[PDB]
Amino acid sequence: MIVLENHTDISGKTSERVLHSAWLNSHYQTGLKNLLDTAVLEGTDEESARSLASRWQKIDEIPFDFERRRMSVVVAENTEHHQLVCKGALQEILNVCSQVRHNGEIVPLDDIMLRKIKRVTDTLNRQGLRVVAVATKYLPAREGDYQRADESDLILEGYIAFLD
């Protein structure tokens, strides 16, 4: 059984924000149902899941494909603003992130941040954990569809890690 073991900020410290973001993607994505998303849904408390599902309505998705290997959902708690939530393997997510959330601030994903991310995720991998990175973008509402090109200038939130 694949089990959600970790949900962390980029430094590897436990984060509810990261779990909740991952949950929303796992709950609302329809492009590629999978055992990792099932583990996220199983590893989230029912109270949190109920609150998230109720508050955040599904707006759109940017379904998984096998070339870019990311998937996004867009959700909204009110009409005026959209939250895009993207997840995938680390490198594919890093490719479309320009920012990172670090100690309650959104800052550039610069060389010092990348070194921290490399260290934490290399450590997770060496321990036998499967790592999925989670990134977001907060947007004004749009009338049109979301597209693959919208996965850009994302904010890396952290990672979810799984153990078999």
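Residues carry their position along the shown sequence, with the first being 1.
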| item | value |
| --- | --- |
| Per the entry, higher mean C-alpha B factor between 98-106 and 33-41 | 98-106 |
| Between the two ranges 12-20 and 149-157, the one averaging a larger CA B factor in the entry | 12-20 |
| Top Cα B factor in the deposited entry, candidates 125, 26, 57, 136 | 125 |
| Third of the chain's Cα B-factor distribution that residue 132 belongs to, per the entry | lowest |
